[PDB]
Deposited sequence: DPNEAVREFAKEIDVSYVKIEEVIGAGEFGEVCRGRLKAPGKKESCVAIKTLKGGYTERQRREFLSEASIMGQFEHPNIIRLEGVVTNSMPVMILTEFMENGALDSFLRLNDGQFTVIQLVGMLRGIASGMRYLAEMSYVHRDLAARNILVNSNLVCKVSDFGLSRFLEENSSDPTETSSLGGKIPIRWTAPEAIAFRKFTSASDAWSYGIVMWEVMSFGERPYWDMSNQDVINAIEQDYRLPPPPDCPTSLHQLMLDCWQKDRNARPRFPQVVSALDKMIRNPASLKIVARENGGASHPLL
């Protein structure tokens, strides 16, 4: 679905370095449709091409305001491209670093609510994300946060799947490679911590191995400076060792909505 004629795409600036090629900003103009801004991912073995394009296959089946929208692919022409909606503020971790301390707690909670709604939807579709991290959240001009980074490849036990993201991964997923929506809930807690810390690196003073050891020994990240206690408590709930004890994404959204309804609750900080 959404194969598009390369003649309809005008490539503008190179805006990032992607994991397997350049990231560009461009313009898509198709007959009968208004022109739109697009982000463009470019691409190897046939296995790697099929893994690359698997992102588009799955993205094309999602439709949600907090999930990045697929515009199309260029495959019957080289270089192979994936075109999505353009997200003007780029990745959330770097966006927050650029804007450190400059958004209100209520704004940050709205961002987290958007991400949580995107995850609620993925969980409802039985899609387990496995790499949920602030770097994989994209931000538009109205501060709407959208989940990105999809595909049907597996992590490295060469495939474009990547290494397991230790700092974002639930202990049972690291130990047993059992990835579920409950392990995504653990990652979501890490994302909450990243957002409330304006894009600080999780466990910034620890190696990947130190993090594995720490979590096994009951260490959990502390509240970021100025972080409402209620938000930190929700993080701790997401980081329960027993995956079945973690909140599900509908409960995550509902908890954030209650905070938004009752903003005085956000004034309590440790």
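Absent C-alpha positions map to the deposited sequence ranges 1-9, 53-55, 170-178, 292-302, in order along the chain.
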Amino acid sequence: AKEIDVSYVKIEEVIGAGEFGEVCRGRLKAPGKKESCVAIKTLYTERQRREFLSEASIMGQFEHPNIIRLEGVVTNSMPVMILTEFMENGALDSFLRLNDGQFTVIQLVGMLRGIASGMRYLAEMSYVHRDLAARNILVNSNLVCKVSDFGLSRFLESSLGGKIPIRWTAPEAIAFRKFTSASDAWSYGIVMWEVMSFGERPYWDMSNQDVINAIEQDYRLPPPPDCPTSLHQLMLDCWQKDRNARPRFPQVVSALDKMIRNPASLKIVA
From here on, numbers count along this sequence of modelled residues.
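We call the rigid core whatever largest set of C-alpha positions still superposes within 1.5 Å between the two forms.
Taken in 5 other deposited structures of this protein and fitted on the core, 69-77 and 122-130 differ in how far their Cα atoms move from the shown form, and the one that moves more is 69-77. Taking the root mean square of CA deviations in 5 other deposited structures of this protein after fitting on the rigid core, 230-238 and 45-53 differ, and the farther of the two is 45-53. Note: missing coordinates for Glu157 occur in a third or more of the other compared entries bracketing this position.
For the pair 174-182 and 71-79, the mean B factor over Cα atoms is greater in 71-79. Averaged over their C-alpha atoms, the temperature factors of 129-137 and 147-155 are higher for 147-155. Take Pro222, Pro228, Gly32, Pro202 and read off each C-alpha B-factor from the entry; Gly32 has the highest.
Comparing the C-alpha B-factors of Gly189, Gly161, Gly101, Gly110 in the entry, the top value falls on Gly161.
Ranked by C-alpha B-factor against the other modelled residues of its chain, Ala214 falls in the middle third. Sort the chain's modelled residues by C-alpha temperature factor and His64 lands in the lowest third, per the entry.
Ranked against the other modelled residues of its chain, the C-alpha B-factor of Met235 as given in the entry falls in the lowest third.
In the deposited entry, the Cα temperature factor of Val252 sits in the bottom third of values across the chain's modelled residues.
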